[PDB]
Ligand SMILES: Nc1ncnc2c1ncn2[C@@H]1O[C@H](COP(=O)(O)OP(=O)(O)OP(=O)(O)O)[C@@H](O)[C@H]1O
Ligand SMILES: [Mg+2]
């Protein structure tokens, strides 16, 4: 219609571009916070692996079910660079292999986008929790984890796997699936009994690997959001650049028309 | 032109080539001629060509010219910038950012260009 | 030359047989590349089919590059 | 394009195709800056049917086989209505978008989707 | 044959065709057309090059490159430079076309290049607005299509 | 405990089973939905490719 409307659209796109610029830097800061919370849980995991290892070896008479022959993590906010889709595309691929092999599948959903993917396709679920803070605590995962550990004990599930993105790098978020269940010289003094302790250690170890997974996926959410907000800022500029060319054409065209009208009237009067 | 005929290489500095175009628009309006696109004089390309075609390398000497350029409404498609750019062999851009760094020449190595 | 919008209305009937037959697989490759060129940097992990098309697309594009004052027979 | 001239079935198929494309045109700016993934579940479904409808409106002509080389297609009014009615109802939601481009009748899209 | 694999394989030109070379400034529009003329030094197609509103130094460089490449003996060069009268710039394409038509009417083949058809339109607009003829879109005369 | 090193793998809350037991029922409660389905729901790969392609165009 004219030059008036295009100015409002160039101003509209310029305002949105400045906030998406900040959101990329906010996201980078939050990514660094989630990466230190990732490292403050490695000691509890590497030492318990050594204890669960040696304690089984010195006590061969007990072979916990977890040691002999899906939990899915999703975001609570948008702006991700298809991070939820890429994992949900690996969840569907592995589930297919089992449906072809003939096995049934029960599911645990952590986060909002996981629930959306299942309500949108009428999928089954046995446990679910969302609204976990950007800073999660292991206590929230205990309830959801318990519904899954008992299954494996009651035979309601033959194998348990955690589905989460892994923080390969600042530019890479590898979707992956790993099996949670099933899994020197001297010997330890056991209080009260070795069997009593092995049962306690194995639950602490599975609830630990699940917390490790949630926290890493939050770091992936922040990085993915950084790239998405960079893309949005760049795309906005391209629209601003294209509209500016149309505005210059509208500006030049308006001037020629007025001059013709002035000249036309003066050529009569 | 006189120094070039002497056997020299000469520098011709033009303070602003946009003001040469505008003076032509003003004179064309005073003489009553019918205005062209965006209100410029109908003789816009010929008036630029008459000036710019004398600045060349002859078989005796060579007049090289440095001309400051102004862009109306920041539009590079406007008739004045469009016509002038058709006769330019190089573009030197001076940057306010580079000056803050402390490089006094202040020529932008990425935005500045040459057909040579 | 922008192979997307450049076109010859009567050129088809003018090409020699050799160029008319062999050129069949050149324009199609550039078209297949047009849809993948920007995304190519993160297409190394995509389906093998997409990678074959992309490999060919990056090759044909490179071959079309030529120099000034150097005509081929 | 009147119910009293062409019948309700043809008039509804056309009204439905136009309704779908109009909404897709309105969503263009949001997808341009944020992409298709931020849209609602229903909007994503329409954007998918709008795209298939767009390519099923394409047709190779008998006066264009010289330009392209592919053979021309003549589609009856009956086959035209059946193809778009099927895409709007969702009977073809399992085919890739590129199975509808230059395929003449809908059966050819089903056979194009096999590759 | 233009001698360019991209053009000769995807955008072929036949004898008697009108093929437009379009784009922004400084992209190789002249380069492509001059190489197409150089490739006709052995084909038997006589060539004509019309320079409209160009710099004298640019015209001189093209003539040297044509003689350096052995193509000047088959080429006719028609020049109306940036400081010449608008009337001569507006008429140069018709003069070059008339020289090219000499070969087509006698059963021979010819190739003609118009270096800037957009500069011919600017020259014709100047003459039209100086005869006080009503202007249209972008201030061009009503018969600019017919030009 | 080892001769050289002493590690305390400390918990962050009361680990009474009842609390986790309640926690599990609370998670089970949140998992209840109007359309639980059969358990053989599939064929999302077409949609996953459709969105994946749009996400390529976005960057
Ligand atoms: N194949 C090529 N290889 C290398 N350089 C090339 C090639 N084709 C064109 N160029 C370069 O492109 C530049 C511009 O070319 P040219 O002057 O012909 O473009 P133009 O569109 O006609 O410009 P102008 O608007 O000034 O007339 C020149 O420096 C030329 O050498
Ligand atoms: Mg040129």
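Each residue's number is its place along the chain shown, starting with 1.
Looks like electron microscopy, 3.0 Å, at least that's what the header says.
Backbone N, Cα and C atoms are what each Cβ position is placed from, and that goes for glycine too.
Copied over from Swiss-Prot:
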type	residues	note
BINDING	E:23, E:24, E:25, E:26, E:27, E:28, E:29, E:30	ATP binding site
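For residue E:27 (ATP binding site), the count of additional Cβ atoms within 10 Å of its Cβ stands at 11 [all protein chains shown]. Most Cβ neighbours within 10 Å, among the binding-site residues E:25, E:29: E:29 holds that distinction in the structure as shown. With a cut-off of under 6 Å between the Cβ and any atom of ligand 1, the binding-site residues E:23, E:24, E:25, E:26 reduce to E:25, E:26. A C-beta separation below 8 Å, combined with a sequence spacing of at least six in one chain, links residue E:23 (ATP binding site) to E:29. Listed in sequence order, the binding-site residues among E:24, E:28, E:30 whose CB lies under 6 angstroms from an atom of ligand 2 come out as E:30.
Residue E:28 (ATP binding site) is surrounded by 13 other CB atoms, counting those within 10 A of its CB over all protein chains shown. Long-range Cβ neighbours of residue E:26 (ATP binding site) (same chain, at least 6 residues apart, Cβ-Cβ under 8 Å): none.
Proximity to chain B, defined as a CB-CB distance below 8 A, holds for E:25, E:26 out of the binding-site residues E:23, E:25, E:26, E:28.
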